[PDB]
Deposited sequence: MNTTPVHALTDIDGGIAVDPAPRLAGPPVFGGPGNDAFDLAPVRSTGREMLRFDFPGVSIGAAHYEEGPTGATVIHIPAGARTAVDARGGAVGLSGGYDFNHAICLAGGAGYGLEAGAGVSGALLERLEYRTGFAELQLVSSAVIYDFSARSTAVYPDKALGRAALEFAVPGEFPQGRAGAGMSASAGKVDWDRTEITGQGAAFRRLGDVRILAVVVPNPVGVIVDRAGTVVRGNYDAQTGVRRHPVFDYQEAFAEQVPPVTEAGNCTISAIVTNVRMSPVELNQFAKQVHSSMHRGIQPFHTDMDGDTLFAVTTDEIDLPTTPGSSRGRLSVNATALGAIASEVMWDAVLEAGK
């Protein structure tokens, strides 16, 4: 993944501006910088934005419904539903206001079900948000209309990389706002003997995006030096001086996992993201990962292979999925 070295500073935040009804808001189908194509029947992605924000929503639609585990960390989580079974996952900007996009998805799915309301027929949408108001001078947020649009725009086997959907105004590196850079959204996909793994991420971290060599590639760009340093350098200097003597993501797979296995898998993959995002899981962050299984293929009963006695299990799947997710984070930062 060839990350662009060039800066994309978000610029100084004003923390307000016109809101939704100031505009005749037309949803735009987000195309981003490039399209990822993937083969995962039953999983569709739609992304829609308002240019007037700019802000957007990204919807993962799984009409069969799929078992889900939710892993939320940090002090600024913005989550609706958080269900253990979902027909859609809605990721959006606009902080807590943007949870309204998920209502637009929910209402649209109820209409599609011809207003059936049996308990077993409830259409379940979990939503999570990023605080993207630092990155733009408006108060526009993903509303019901934008969530419904994202669901209507959902295509099988495509994902718009970059500044698209929820990633429109995502940004990283918030030691100081003058060093914060626009990120984007990202996705990656791997197929391994029939096994399918899709990672979707919208990194809006306090921390920075880091590649596999340990280089900081997005966030904390100091325009006085022309480089990005790990935040810890700023934090340690800040302490010598003053104390002298928000990433939302989904990992979707077709491998059957029990509720316990799936929850453990979610925690493992989520923690793994502290490789590519640093710091991560902070009090300042609202990090929410959804781990979704479409329950299509079984792990073998015993975990052995020629690569080891403990080589084929949900931990192994978690390790593989963790790499897919790191690739998706790097696509968001590219």
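According to the record, C-alpha coordinates are lacking for deposited residues 1-15, 261-266.
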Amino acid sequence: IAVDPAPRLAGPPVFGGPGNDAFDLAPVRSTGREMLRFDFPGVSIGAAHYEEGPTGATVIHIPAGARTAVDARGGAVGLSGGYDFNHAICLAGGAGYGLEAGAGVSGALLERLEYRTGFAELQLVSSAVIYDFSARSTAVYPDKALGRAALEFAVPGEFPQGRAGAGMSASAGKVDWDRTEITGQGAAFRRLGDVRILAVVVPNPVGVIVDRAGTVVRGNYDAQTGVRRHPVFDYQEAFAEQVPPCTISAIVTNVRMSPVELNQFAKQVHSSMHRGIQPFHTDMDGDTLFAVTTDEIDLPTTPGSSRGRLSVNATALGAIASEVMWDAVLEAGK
From here on, numbers count along this sequence of modelled residues.
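According to the PDB record, 109-117 carries the higher mean C-alpha B-factor of the two stretches 109-117 and 161-169. Higher mean CA temperature factor, per the PDB entry, when comparing 250-258 with 123-131: 250-258. As recorded in the entry, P300 carries the highest CA temperature factor of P300, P54, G276, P279. Take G207, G82, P245, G186 and read off each C-alpha B-factor from the entry; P245 has the highest. When the modelled residues of the chain are ordered by C-alpha B-factor, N20 sits in the middle third. Sort the chain's modelled residues by C-alpha temperature factor and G98 lands in the lowest third, per the entry.
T315 sits in the middle third of its chain by CA B factor, as recorded in the PDB entry. When all modelled residues of the chain are sorted by CA temperature factor, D211 is found within the middle third. Compared with the other modelled residues of the chain, the Cα B-factor recorded for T68 ranks in the lowest third.
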